[PDB]
Amino acid sequence: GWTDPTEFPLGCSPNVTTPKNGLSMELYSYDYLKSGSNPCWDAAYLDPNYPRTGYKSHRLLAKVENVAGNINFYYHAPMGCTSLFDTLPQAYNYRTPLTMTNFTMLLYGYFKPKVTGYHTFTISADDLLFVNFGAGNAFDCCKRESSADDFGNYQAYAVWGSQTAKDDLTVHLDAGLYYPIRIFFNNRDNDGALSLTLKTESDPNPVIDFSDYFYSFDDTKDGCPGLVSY
Ligand SMILES: OC[C@H]1O[C@H](O[C@@H]2[C@@H](O)[C@H](O)O[C@H](CO)[C@@H]2O)[C@H](O)[C@@H](O)[C@H]1O
Ligand SMILES: [Ca+2]
């Protein structure tokens, strides 16, 4: 299947004149239910289609470009079932306070490896992190806008409180190619947390700063299929 997740994901070969650093981000509201409710949080985030089209029924907070660096955070909420304003880490390029206790966040763009070989991406989240990776699975090469909602089965997924609250994906990548990536996050209530790390054989320690790895590219009419193949 075109959008199915694989160990040998498809990469892309855009024209790399003045390449845009970082991923794109969209932030959406995630309102609580009526004050005093039990459960207090909106349960929409667990709906299979919330990450596909459901979030679009919420309020658009911002579109942001150039998301790059260490995107990991643990936000400790002072009180539960309470909307509280605070700030994202510097990497998100978004300085104004938002409801860190309850929000939806979409990131997309391309991952560029440094060293050809196996890559293990490990994720954890509070509440939810769904990752697509590779052309088709995330979106089509330089045809993101037209394929944005057609992402396939997740490469990795983590849901707080579920039987899979931490996950990983192992993929063989070529350093010459750029791999479509989609990261969907939700905090329903209280603490919020996102951890993405990368392990390869070239470094005994994990990579947590993705400054040099995340890119954005304009769509083109014909697309930009990968020009390295084995
Ligand atoms: O532990 C993190 C986890 O809990 C959050 O809140 C619930 C809260 O609603 C309730 O008041 O207390 C319990 C335990 O004392 C939890 O703290 C969130 O619902 C959940 O998203 C997650 O962040
Ligand atoms: Ca939470």
# chains A, B, ... in the order shown; residues from 1 in each chain; ligands from 1

call {"tool": "residues_around", "arguments": {"residues": "residue 158 in chain A", "least_positions_apart": "2", "cutoff": "12 Å", "atoms": "only C-alpha atoms", "output": "short mmCIF file (atom, residue, chain, number, x, y, z; two decimals) with C-alpha atoms, in the first residue's frame"}}
result
data_model
loop_
_atom_site.label_atom_id
_atom_site.label_comp_id
_atom_site.auth_asym_id
_atom_site.auth_seq_id
_atom_site.Cartn_x
_atom_site.Cartn_y
_atom_site.Cartn_z
CA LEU A 46 -9.07 9.83 20.86
CA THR A 122 11.68 7.04 19.96
CA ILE A 123 8.62 8.96 21.15
CA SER A 124 6.71 9.57 24.34
CA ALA A 125 3.88 12.00 24.95
CA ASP A 126 1.27 13.38 27.28
CA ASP A 127 -1.33 13.05 25.89
CA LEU A 128 -0.89 11.99 22.29
CA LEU A 129 1.77 11.89 19.60
CA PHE A 130 1.15 10.27 16.20
CA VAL A 131 4.02 10.14 13.70
CA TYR A 154 1.20 5.67 11.95
CA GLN A 155 4.88 4.71 12.04
CA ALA A 156 4.88 5.35 15.77
CA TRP A 160 -0.84 8.57 27.75
CA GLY A 161 -2.87 6.09 29.79
CA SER A 162 -3.07 3.55 26.95
CA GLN A 163 -1.19 0.28 26.46
CA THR A 164 1.23 2.18 24.17
CA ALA A 165 2.38 5.36 25.95
CA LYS A 166 5.85 5.15 24.38
CA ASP A 167 6.87 3.84 20.95
CA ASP A 168 9.61 3.80 18.37
CA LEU A 169 10.23 3.38 14.67
CA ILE A 183 3.86 14.83 13.83
CA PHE A 184 0.46 15.29 15.52
CA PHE A 185 0.25 16.23 19.20
CA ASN A 186 -2.51 16.76 21.73
CA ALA A 193 4.88 16.37 27.28
CA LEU A 194 6.59 15.60 23.99
CA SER A 195 9.81 13.63 23.56
CA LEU A 196 11.38 12.81 20.20
#

call {"tool": "select_by_dssp", "arguments": {"residues": "range 5-228 of chain A", "states": "helix (DSSP H, G or I)", "output": "ChimeraX atom specification"}}
result
/A:44-46,54-57,90-92,144-147

call {"tool": "residues_near_ligand", "arguments": {"ligand": "ligand 1", "cutoff": "6 Å", "atoms": "only C-alpha atoms and all ligand atoms", "output": "NGL selection string"}}
result
:A and (80-81 or 126-127 or 188-192)

call {"tool": "write_last_selection", "arguments": {"atoms": "C-alpha atoms", "output": "PDB file, in the first residue's frame"}}
result
ATOM      1  CA  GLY A  80      -5.639  19.797  36.727  1.00  0.00           C
ATOM      2  CA  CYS A  81      -8.905  20.395  34.840  1.00  0.00           C
ATOM      3  CA  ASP A 126       1.267  13.379  27.284  1.00  0.00           C
ATOM      4  CA  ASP A 127      -1.328  13.054  25.892  1.00  0.00           C
ATOM      5  CA  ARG A 188      -6.178  17.192  26.673  1.00  0.00           C
ATOM      6  CA  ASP A 189      -5.619  18.436  30.233  1.00  0.00           C
ATOM      7  CA  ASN A 190      -3.003  19.051  32.925  1.00  0.00           C
ATOM      8  CA  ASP A 191       0.635  18.039  32.172  1.00  0.00           C
ATOM      9  CA  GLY A 192       1.792  18.148  28.560  1.00  0.00           C
TER      10      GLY A 192
END

call {"tool": "select_by_dssp", "arguments": {"residues": "chain A", "states": "strand (DSSP E or B)", "output": "PyMOL selection string"}}
result
chain A and resi 12+20-21+23-29+60-67+73-75+85-86+98-99+103-111+117-126+128-133+135+139-140+143+156-159+166-173+178-187+192-199+207+214-216+225

call {"tool": "residues_around", "arguments": {"residues": "residue 12 in chain A", "least_positions_apart": "4", "cutoff": "6 Å", "atoms": "only C-alpha atoms", "output": "list in words"}}
result
residues 141, 177, 178, 224, 225 and 226 of chain A

call {"tool": "write_last_selection", "arguments": {"atoms": "N, CA and C atoms", "output": "PDB file, in the first residue's frame"}}
result
ATOM      1  N   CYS A 141       5.850  13.553  -2.221  1.00  0.00           N
ATOM      2  CA  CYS A 141       7.026  14.403  -2.453  1.00  0.00           C
ATOM      3  C   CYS A 141       6.692  15.699  -3.182  1.00  0.00           C
ATOM      4  N   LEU A 177      18.596  12.107   0.765  1.00  0.00           N
ATOM      5  CA  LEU A 177      17.165  12.291   0.539  1.00  0.00           C
ATOM      6  C   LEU A 177      16.485  13.010   1.687  1.00  0.00           C
ATOM      7  N   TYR A 178      15.323  13.579   1.378  1.00  0.00           N
ATOM      8  CA  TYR A 178      14.500  14.303   2.346  1.00  0.00           C
ATOM      9  C   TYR A 178      13.179  13.553   2.528  1.00  0.00           C
ATOM     10  N   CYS A 224       8.587  15.842  -6.519  1.00  0.00           N
ATOM     11  CA  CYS A 224      10.039  15.719  -6.438  1.00  0.00           C
ATOM     12  C   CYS A 224      10.442  14.332  -5.927  1.00  0.00           C
ATOM     13  N   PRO A 225      10.191  13.289  -6.730  1.00  0.00           N
ATOM     14  CA  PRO A 225      10.522  11.934  -6.285  1.00  0.00           C
ATOM     15  C   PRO A 225      12.009  11.750  -5.978  1.00  0.00           C
ATOM     16  N   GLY A 226      12.313  10.818  -5.078  1.00  0.00           N
ATOM     17  CA  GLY A 226      13.694  10.542  -4.691  1.00  0.00           C
ATOM     18  C   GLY A 226      14.545  10.098  -5.870  1.00  0.00           C
TER      19      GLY A 226
END

call {"tool": "residues_around", "arguments": {"residues": "residue 71 in chain A", "least_positions_apart": "5", "cutoff": "12 Å", "atoms": "only C-alpha atoms", "output": "JSON, numbers by chain"}}
result
{"A": [22, 23, 25, 66, 88, 89, 90, 91, 92, 93, 94, 107, 123, 183, 185, 193, 194, 195, 196, 197, 207, 208, 209, 210, 211, 214]}

call {"tool": "closest_residue", "arguments": {"among": "A:133, A:74, A:151, A:28", "to": "ligand 2", "atoms": "only C-alpha atoms and all ligand atoms"}}
result
A:74

call {"tool": "closest_residue", "arguments": {"among": "A:217, A:21, A:202, A:229", "to": "residue 117 in chain A", "atoms": "only C-alpha atoms"}}
result
A:202

call {"tool": "closest_residue", "arguments": {"among": "A:102, A:57, A:170, A:216", "to": "ligand 2", "atoms": "only C-alpha atoms and all ligand atoms"}}
result
A:102

call {"tool": "closest_residue", "arguments": {"among": "A:120, A:29, A:220, A:187", "to": "residue 58 in chain A", "atoms": "only C-alpha atoms"}}
result
A:29
